[PDB]
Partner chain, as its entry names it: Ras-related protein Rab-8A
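So this first bit is one chain, no partners, the form deposited without the partner chain, shown in structure tokens.
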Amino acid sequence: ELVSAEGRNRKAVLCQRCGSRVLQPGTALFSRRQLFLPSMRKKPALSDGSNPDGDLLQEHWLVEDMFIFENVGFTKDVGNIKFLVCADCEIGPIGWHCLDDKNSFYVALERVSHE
């Protein structure tokens, strides 16, 4: 129940990774599209934690302009999807940005804070 009657984030999205201000409350459309966010951390780690699968989410604040964000970054296409990573903590993939829609910006709901 985060999207009020209209399909717009009623709360403000805050990079829960750096308590940064991602999007404002009312500047992002809703998007329950099954998206996939592969932990950009990757890195070596050696052995890993047996969990190379990103997160197949579905809710996403679909914005029509990345300029709306603030200190947000963008994870180059990791194979077939341009993910998004807050520039204050390049990690994500917190947002989803496929190449099919150069204007379909996504902000993984559960992958962000909301107050």
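Residue numbers count along the first chain shown, from 1.
Not on display, but discussed next: the form solved in complex with the partner chain.
The partner chain in the deposited complex is not approached by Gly54, whose heavy atoms all lie more than 4.5 angstroms from it. In the deposited complex, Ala12 stays away from the partner chain, with no heavy atom inside 4.5 Å.
Although the partner is absent here, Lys82 sits close enough that one of its heavy atoms falls within 4.5 Å of the partner chain in the deposited complex. Contact check for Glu90: a heavy atom falls within 4.5 Å of the partner chain in the deposited complex.
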